[PDB]
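*Asks:* Below is a structure I'd like to ask you about.
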Amino acid sequence: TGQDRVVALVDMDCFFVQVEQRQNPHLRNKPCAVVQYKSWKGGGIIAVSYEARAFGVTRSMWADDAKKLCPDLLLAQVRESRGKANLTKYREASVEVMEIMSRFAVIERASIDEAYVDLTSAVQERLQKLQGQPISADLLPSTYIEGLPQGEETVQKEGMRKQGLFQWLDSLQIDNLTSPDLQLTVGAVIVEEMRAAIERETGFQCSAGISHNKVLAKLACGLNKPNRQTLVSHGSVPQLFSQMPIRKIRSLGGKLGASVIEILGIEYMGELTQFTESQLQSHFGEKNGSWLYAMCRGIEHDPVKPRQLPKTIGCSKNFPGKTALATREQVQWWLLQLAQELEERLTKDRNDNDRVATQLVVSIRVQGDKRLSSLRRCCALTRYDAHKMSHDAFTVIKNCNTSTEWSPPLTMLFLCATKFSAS
DNA sequence: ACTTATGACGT
DNA sequence: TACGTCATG
């Protein structure tokens, strides 16, 4: 029934904003955003506080337009180094959180602000120590139970939260709830503690989803935000999916989800239940069909990968429109700038994480191409040397220039290090 | 003129 | 390999 595992998805609420708010107290509890590259239209927003979201301010919005929506908005700019955005501060804060999470359970870093947590073993241990012990509501002070309450206090959201938690707990206590339900509940108690440790030790608040797999846990995470956690049980899946737009499910937010909607003639996740697996496999392929068939039933098997460390390290800069690189010197100079930041990051990785990158991947985008990458070429990464890496990167891609000039001018340079080896 | 990074799959 | 494409933060 896909109830074997307990899995959490933890997400740092507007993480870059929190990092800035911790460092500059004046920014706390105010409509706030983090921007990069202020010159063009105030710069683009990459993180927005909840106070600012109320005004309709979103990420990937220009700061000048954001100010139109929210006149009182406070802006924090990303550190700029070597002519590009420098995210070191956020990566460092990110590592702080992952270390704390690591003490409680097995974690998979999903991005800079999120991680999956496999709590199956952790739950098993707690159960033995806590045998025969009722689970107080006091253990779950920020937990919402999806689908509850069912059946004056309720007008307030905290009123709703309490009643749902009480019905849920009373039903476990009674013996009405299944064994996987108890596992999730203990998982949630563990996550409350993990979240309390994170805030105490970093000052950072975060939301979490708790469920039996990654898709459900990620879904649950978004249900009650910010600074709250949501338990989605197997039993809640039918009602939850019944009105749940397909594009909301992890991995269905793009072309596949669109074609599932377009080919099937449906809009909600639960509608997928009417199709046989073979029907779904014939439309979308063996793997996707199988995965769809199981997912609409709340079943998903992707494991939480024990991996706190990124598999690749990289940096990129965009040169949109008129700023597109059109000279040899410009291309070399920017490759150098990128290779310089890469070196610093690689060396830090080497001393901290006891591994070295062995392959250098160069990606570029040319003017007139919509695709994220127009071209990708690799070469050996023998020495963590910015001048060598930059020069090697040039060698592999120089043949791309059709015709001291460069054309078609590049709208993108990307350097990425891959294939890490223990040492 | 939404920028900057990652992880994973198909071939 | 792109080595290239998809999906997401």
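Following the order of the structure tokens, first chain is A, next is B, and so on, with residues numbered from 1 inside each chain and ligands from 1 in the order they appear.
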Using only C-alpha atoms (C1' of nucleotides), what table do you get, as a Markdown table, when you list each residue of chain A with an atom no more than 7 Å from chain C, its nearest pair of atoms, and their distance in Å rounded to one decimal, rows by chain then rising number?
*Replies:*
```
| residue | atom | partner | partner_atom | distance |
| --- | --- | --- | --- | --- |
| A:111 | CA | C:9 | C1' | 6.1 |
| A:251 | CA | C:7 | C1' | 6.2 |
| A:254 | CA | C:7 | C1' | 6.7 |
| A:376 | CA | C:2 | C1' | 6.4 |
```
*Asks:* When you look at region 330-345 of chain A with a cut-off of 6 Å (counting only C-alpha atoms (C1' of nucleotides)), what residues show up, excluding the ones that are within fewer than 4 positions of it in the same chain? I need them as a ChimeraX atom specification.
*Replies:* /A:82,384,386,390
*Asks:* When DSSP is applied to the backbone of this structure, which of region 83-304 of chain A are assigned helix (DSSP H, G or I)? Write them out as a ChimeraX atom specification.
*Replies:* /A:88-104,120-129,137-139,157-174,179-202,214-221,237-242,246-248,255-264,269-274,277-284,286-295
*Asks:* Tell me the residues of chain B close to chain A, meaning within 10 Å using only C-alpha atoms (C1' of nucleotides), as an MDAnalysis selection string.
*Replies:* chainID B and resid 1:7
*Asks:* If we count only C-alpha atoms (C1' of nucleotides) and set the cut-off at 12 Å, which residues sit around residue 242 (chain A), ignoring sequence neighbours fewer than 5 positions away in its own chain? Please answer as a PyMOL selection string.
*Replies:* chain A and resi 236-237+266-273+296-298
*Asks:* Please, could you write that set of residues out with N, CA, C and O atoms as a short mmCIF file (atom, residue, chain, number, x, y, z; two decimals), in the first residue's frame?
*Replies:*
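For reference, result27.cif as written:
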```cif
data_model
loop_
_atom_site.label_atom_id
_atom_site.label_comp_id
_atom_site.auth_asym_id
_atom_site.auth_seq_id
_atom_site.Cartn_x
_atom_site.Cartn_y
_atom_site.Cartn_z
N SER A 236 -5.64 9.75 3.31
CA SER A 236 -6.00 11.09 2.83
C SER A 236 -5.82 11.26 1.32
O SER A 236 -6.33 12.22 0.72
N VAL A 237 -5.09 10.35 0.69
CA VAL A 237 -4.76 10.49 -0.73
C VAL A 237 -5.96 10.57 -1.69
O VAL A 237 -5.98 11.43 -2.56
N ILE A 266 -8.16 14.87 -18.87
CA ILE A 266 -8.45 15.03 -17.44
C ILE A 266 -7.71 16.23 -16.89
O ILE A 266 -6.80 16.76 -17.54
N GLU A 267 -8.06 16.65 -15.68
CA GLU A 267 -7.31 17.71 -15.02
C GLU A 267 -6.76 17.36 -13.63
O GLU A 267 -5.79 17.97 -13.17
N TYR A 268 -7.35 16.37 -12.98
CA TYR A 268 -6.97 16.08 -11.60
C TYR A 268 -6.25 14.76 -11.45
O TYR A 268 -6.50 13.81 -12.19
N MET A 269 -5.37 14.72 -10.45
CA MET A 269 -4.55 13.55 -10.22
C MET A 269 -5.36 12.26 -10.03
O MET A 269 -5.01 11.20 -10.55
N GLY A 270 -6.47 12.36 -9.30
CA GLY A 270 -7.26 11.18 -8.99
C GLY A 270 -7.89 10.54 -10.22
O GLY A 270 -8.09 9.32 -10.25
N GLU A 271 -8.20 11.35 -11.24
CA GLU A 271 -8.78 10.84 -12.49
C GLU A 271 -7.88 9.80 -13.17
O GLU A 271 -8.32 9.05 -14.04
N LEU A 272 -6.61 9.76 -12.79
CA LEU A 272 -5.69 8.81 -13.38
C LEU A 272 -6.05 7.38 -12.98
O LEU A 272 -5.67 6.42 -13.68
N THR A 273 -6.78 7.23 -11.88
CA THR A 273 -7.12 5.90 -11.38
C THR A 273 -7.98 5.04 -12.32
O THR A 273 -7.95 3.81 -12.24
N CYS A 296 -0.95 7.89 -8.78
CA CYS A 296 -2.34 8.33 -8.59
C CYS A 296 -3.03 7.59 -7.44
O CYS A 296 -4.09 7.99 -6.97
N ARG A 297 -2.41 6.50 -7.00
CA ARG A 297 -2.84 5.69 -5.89
C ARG A 297 -1.98 6.02 -4.64
O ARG A 297 -2.05 5.31 -3.65
N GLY A 298 -1.16 7.07 -4.73
CA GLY A 298 -0.32 7.50 -3.61
C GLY A 298 0.90 6.63 -3.38
O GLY A 298 1.46 6.58 -2.29
#
```
*Asks:* Identify, on the basis of only C-alpha atoms (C1' of nucleotides), every residue whose closest approach to residue 304 (chain A) does not exceed 8 Å; exclude the query and any residue fewer than 5 positions from it along the same chain; express the result as a PDB file with C-alpha atoms, in the first residue's frame.
*Replies:*
```pdb
ATOM      1  CA  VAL A   7       9.729  10.158   4.274  1.00  0.00           C
ATOM      2  CA  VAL A 106      19.311  10.067   6.597  1.00  0.00           C
ATOM      3  CA  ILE A 107      19.139  13.023   4.253  1.00  0.00           C
ATOM      4  CA  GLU A 108      19.105  13.696   0.520  1.00  0.00           C
ATOM      5  CA  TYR A 116      14.401  14.751   1.785  1.00  0.00           C
ATOM      6  CA  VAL A 117      14.720  12.789   4.996  1.00  0.00           C
ATOM      7  CA  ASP A 118      14.305   9.033   5.371  1.00  0.00           C
ATOM      8  CA  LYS A 214       8.936  11.738  -1.808  1.00  0.00           C
TER       9      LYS A 214
END
```
*Asks:* Considering only C-alpha atoms, state which residue in the set A:154, A:120, A:358, A:373 is at the smallest distance from residue 213 (chain A).
*Replies:*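 Closest to residue 213 (chain A) of all the choices is A:120.
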*Asks:* Quick one, how far is CA of residue 16 (chain A) from CA of residue 346 (chain A)?
*Replies:* 22.6 Å
*Asks:* Can you measure CA of residue 49 (chain A) to CA of residue 101 (chain A) for me? One decimal in Å is fine.
*Replies:*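 According to the coordinates, CA of residue 49 (chain A) and CA of residue 101 (chain A) are separated by 23.3 Å.
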*Asks:* Do a neighbour search on residue 374 (chain A) at 9 Å with only C-alpha atoms (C1' of nucleotides), toss out local chain neighbours closer than 4 positions, and write the hits as a ChimeraX atom specification.
*Replies:* /A:363-366,369-370
*Asks:* Can those selected residues be exported to a file as a JSON list (two decimals), in the first residue's frame so that it contains C-alpha atoms?
*Replies:*
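Once written, selection_4.json looks like this:
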```json
[["chain", "number", "residue", "atom", "x", "y", "z"],
["A", 363, "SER", "CA", 28.21, 24.73, -21.94],
["A", 364, "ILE", "CA", 27.32, 27.73, -24.09],
["A", 365, "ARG", "CA", 24.18, 29.26, -25.62],
["A", 366, "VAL", "CA", 24.18, 31.19, -28.89],
["A", 369, "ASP", "CA", 18.52, 29.74, -29.74],
["A", 370, "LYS", "CA", 15.71, 29.26, -27.19]]
```
